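In the block that follows, a single chain appears as structure tokens, in the form deposited in one PDB entry.
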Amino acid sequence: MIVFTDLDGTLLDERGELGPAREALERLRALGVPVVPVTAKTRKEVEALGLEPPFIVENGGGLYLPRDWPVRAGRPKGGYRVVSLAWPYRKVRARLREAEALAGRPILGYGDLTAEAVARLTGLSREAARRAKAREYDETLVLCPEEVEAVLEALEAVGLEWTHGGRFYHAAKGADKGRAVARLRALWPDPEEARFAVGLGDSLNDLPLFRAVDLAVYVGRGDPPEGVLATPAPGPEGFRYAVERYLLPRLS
């Protein structure tokens, strides 16, 4: 069993801290069940949470492996090996300029904004904002609600893909959580261990995650996606519940 999990809204509280998920995580760790973050966050953000590879960043754009991963894949990015699945950020940003020209209205993303501006928009500290701006694949968009329809069509027109991470729309090409999870599973050292996969999440960017796993659990607010399991409480308390009620009974 491998547990693939979103970070924001799932494993982290609304303050963005691993506090409440501790018990649940240590439980999984004590039972030697691998937990793999699969997130919209950048590598710098994931590192700042103290999380170690393997992990999947920027909506599946990059798969980070430990340098000594037993299965050789990706290129050394120092201390890590990285499997790049999506276009690099610079190319997404260039293509966004074309979408903007098509749309005839500004399309702003983190790359257009100061760290101070991003901090003010996200509630993050200045330092956290810098790490959120350090993007390698995916762009976080800051869209007018009323312009979303026109903008998304312009993204599609110019060959970009879009998703939503819980609060913001994102633009990328080739970044898919499910594709990244499937790749990581295929690169897993122990085939038996990767044979059964669990996925937890709460946002639109997680539907591809739910489809790439064998057991999907939704810990967001409102109704679960089609035929996906639910929990009585959202976020980390939902994560804890799922571990205790869905996973442990499966590990016996």
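Heads up, when I say rigid core I mean the largest set of C-alphas that superpose within 1.5 Å between the two forms. A residue's number is simply how far along the shown sequence it sits, counting from 1.
Keep in mind the form deposited in another entry is missing from the figure; the text below concerns it.
In this overlay on the rigid core, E147 has a C-alpha that sits 2 Å or more away from its partner position between this form and the one not shown. After superposing the rigid core, the Cα of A186 is displaced by less than 2 Å between this form and the one not shown. Once both forms are fitted on their core, the CA shift for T42 between this form and the one not shown remains under 2 Å.
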